[PDB]
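K.L.:
Below you will find the structure I want to go over with you.
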Amino acid sequence: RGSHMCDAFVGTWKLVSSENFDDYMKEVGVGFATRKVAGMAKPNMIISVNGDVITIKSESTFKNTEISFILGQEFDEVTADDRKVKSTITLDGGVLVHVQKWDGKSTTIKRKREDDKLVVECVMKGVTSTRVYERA
Ligand SMILES: CCCCCCCCCCCCCCCC(=O)O
């Protein structure tokens with residue numbers, strides 16, 4: 001009912017820069033055609049909070065996806081590249097930390113506020129991709 005910690009994430013955000021995303025997708029195991037088309041996308045990310053439930057939507061020409069979750073509570077996620085993963089998202093000192101597990105593999109996506117930006121760091125096996133979003 002009062003202000004939530006994650007309120008700083010709430011809003012509509014647009015992708016403005018990406019680094020190393022193709023390499024990150026390769027490490028995750030994303031196939032050629034999906035990497036090419038997904039790498040071209042300039043998504044909007046819409047984040048909202050309602051009680052304990054955080055919703056993150058990604059809208060792009062490639063795919064529209066949405067996840068809703070409670071911090072610390074594992075859920076099923078079908079990713080944009082059609083991985084069926086088990087996901088858990090927590091808040092660690094202001095940073096949303098999203099761990100995806102599938103097929104004995106794991107990747108971590110961190111989302112944080114930096115100045116007026118929302119910075120998304122995707123990490124797989126030593127490869128990091130940084131994606132920067134600004135308010136739409
Ligand atoms: C981010 C949506 C468009 C690109 C879809 C990428 C599909 C393959 C990789 C899935 C990992 C998703 C990484 C999230 C990064 C982000 O939201 O910008």
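Identifiers in the structure tokens: chain A, B, ... in order shown; residue index from 1 per chain; ligand index from 1 in order shown.
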Using only C-alpha atoms and all ligand atoms, what does the table of chain A residues within 6 Å of ligand 1 look like, with each row giving the shortest atom pair and its distance in Å to one decimal, sorted by chain and ascending number, as CSV?

P.N.:
```
residue,atom,partner,partner_atom_place_in_ligand_line,distance
A:25,CA,ligand 1,9 (C),5.5
A:38,CA,ligand 1,4 (C),4.4
A:41,CA,ligand 1,3 (C),5.5
A:43,CA,ligand 1,2 (C),5.7
A:58,CA,ligand 1,2 (C),5.9
A:79,CA,ligand 1,10 (C),6.0
A:80,CA,ligand 1,7 (C),4.6
A:81,CA,ligand 1,8 (C),4.5
A:131,CA,ligand 1,18 (O),5.7
```

K.L.:
Restrict the selected residues to C-alpha atoms and save them as a PDB file, in the first residue's frame.

P.N.:
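Just written: part_36.pdb:
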```
ATOM      1  CA  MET A  25      23.097 -15.283 -26.919  1.00  0.00           C
ATOM      2  CA  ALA A  38      16.408 -10.954 -31.702  1.00  0.00           C
ATOM      3  CA  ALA A  41      15.129  -5.781 -31.696  1.00  0.00           C
ATOM      4  CA  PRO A  43      12.391  -3.553 -27.085  1.00  0.00           C
ATOM      5  CA  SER A  58       9.137  -6.825 -22.959  1.00  0.00           C
ATOM      6  CA  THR A  79      12.047 -17.204 -22.593  1.00  0.00           C
ATOM      7  CA  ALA A  80      11.878 -15.162 -25.832  1.00  0.00           C
ATOM      8  CA  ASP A  81      14.187 -17.739 -27.479  1.00  0.00           C
ATOM      9  CA  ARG A 131      21.919  -3.325 -22.310  1.00  0.00           C
TER      10      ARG A 131
END
```

K.L.:
Neighbours of range 64-68 of chain A within 8 Å (only C-alpha atoms; same-chain residues fewer than 4 positions away dropped), as a compact mmCIF listing (two decimals) with C-alpha atoms, in the first residue's frame?

P.N.:
```txt
# COMPACT_ATOMS: atom_id res chain seq x y z
CA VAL A 53 3.81 -9.01 -7.45
CA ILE A 54 6.31 -7.48 -9.88
CA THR A 55 5.50 -7.67 -13.61
CA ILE A 56 8.10 -7.18 -16.32
CA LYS A 57 6.84 -6.97 -19.92
CA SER A 58 9.14 -6.83 -22.96
CA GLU A 59 7.50 -5.64 -26.19
CA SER A 60 9.36 -5.78 -29.48
CA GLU A 77 9.49 -19.00 -17.53
CA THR A 79 12.05 -17.20 -22.59
CA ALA A 80 11.88 -15.16 -25.83
```

K.L.:
Quick check for you: according to DSSP on this backbone, which residues of chain A are classed as strand (DSSP E or B)? Reply as an MDAnalysis selection string.

P.N.:
chainID A and resid 11:19 44:50 53:59 64:70 75:78 84:92 95:102 105:114 117:124 127:135

K.L.:
For residue 74 in chain A, work out the shell of residues within 8 Å, counting only C-alpha atoms and skipping chain neighbours fewer than 2 positions away, then give it as number ranges by chain.

P.N.:
A: 72, 76, 86-89

K.L.:
Within 9 Å of residue 106 in chain A, counting only C-alpha atoms, which residues show up once you throw out same-chain ones fewer than 6 positions away? Write them as a list in words, please.

P.N.:
residues 28, 99, 100, 124 and 125 of chain A

K.L.:
Taking into account only C-alpha atoms, which residue in the set A:51, A:2, A:21, A:9 is nearest to residue 94 in chain A?

P.N.:
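Using only C-alpha atoms, residue 94 in chain A sits closest to A:9.
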
K.L.:
What's the separation between CA of residue 109 in chain A and CA of residue 122 in chain A, in Å to one decimal place?

P.N.:
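Straight-line distance from CA of residue 109 in chain A to CA of residue 122 in chain A works out to 4.4 Å.
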
K.L.:
Name the residues of chain A that come out as alpha helix (DSSP H) in a backbone DSSP run; write them as a PyMOL selection string.

P.N.:
chain A and resi 21-28+32-40

K.L.:
Could you check which of A:1, A:14, A:111, A:84 is closest to residue 98 in chain A, using only C-alpha atoms?

P.N.:
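Result for the nearest residue to residue 98 in chain A: A:111.
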
K.L.:
From the list A:26, A:35, A:101, A:135, which residue is nearest residue 119 in chain A when using only C-alpha atoms?

P.N.:
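Closest candidate: A:135.
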
K.L.:
Rank A:37, A:46, A:132, A:85 by their smallest atom-to-atom distance to residue 16 in chain A, using only C-alpha atoms, and report the top residue only.

P.N.:
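Among A:37, A:46, A:132, A:85, it is A:132 that comes nearest to residue 16 in chain A.
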